[PDB]
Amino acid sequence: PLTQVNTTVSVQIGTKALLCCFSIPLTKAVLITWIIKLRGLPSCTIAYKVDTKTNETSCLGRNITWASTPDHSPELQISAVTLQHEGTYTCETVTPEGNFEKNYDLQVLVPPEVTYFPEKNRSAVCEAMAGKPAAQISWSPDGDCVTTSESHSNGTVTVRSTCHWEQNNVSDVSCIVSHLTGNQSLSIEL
């Protein structure tokens, strides 16, 4: 293309995603094509040829459509984002004077499954399972901890924190989970 824009987009699982075809509206478009390359699947397209008003789709059963709009804007829509929607979304606009391309690296935000519990010998476990990206785990009060981060095949990350407190005056502890989808302070009785 004569101008290529590459960007990353993060959208929360289950939400609706709207992607603009280019950084600016392009008036003299003769052809608009979205090429969707999903993780482990053949590519499909949604296209619009301007002169004949010929709309196209080879994305049946992929839940990817043009956005519904009165002015027929070349915006792509994902009505309910699944982890499977991760991939490259490329919009190609042909104008008489040149090609414009916008490539989206679409990333899905996944709230972690949080489990927390006391363990034997004044210990506590706090785990943020299969979050995307990794959650962060901190504690109140600070303890002697071992925290691991395990990434899975799906791209989600399990963060597991196991602590012990050598201050016998401490009876209640709080696990603080931070994530792009949400944050929470979680109490544990030792």
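In this text, residue numbers run from 1 along the sequence as written.
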item: Given 60-68 and 142-150, the range whose Cα B-factors average higher in the PDB entry; value: 60-68
item: Stretch with the greater mean C-alpha B-factor as recorded in the entry, comparing 118-126 against 30-38; value: 118-126
item: Residue of maximum C-alpha B factor among 73, 107, 93, 88, per deposited coordinates; value: 73
item: Top Cα B factor in the deposited entry, candidates 45, 52, 158, 162; value: 52
item: Residue 183 - which third its CA temperature factor falls in, relative to the rest of the chain; value: highest
item: Ranked against its chain, the third holding the CA B-factor of residue 111; value: middle
item: Residue 103 by Cα B-factor - lowest, middle or highest third of the modelled chain; value: lowest
item: For residue 21, the third of its chain into which the C-alpha B factor falls; value: lowest
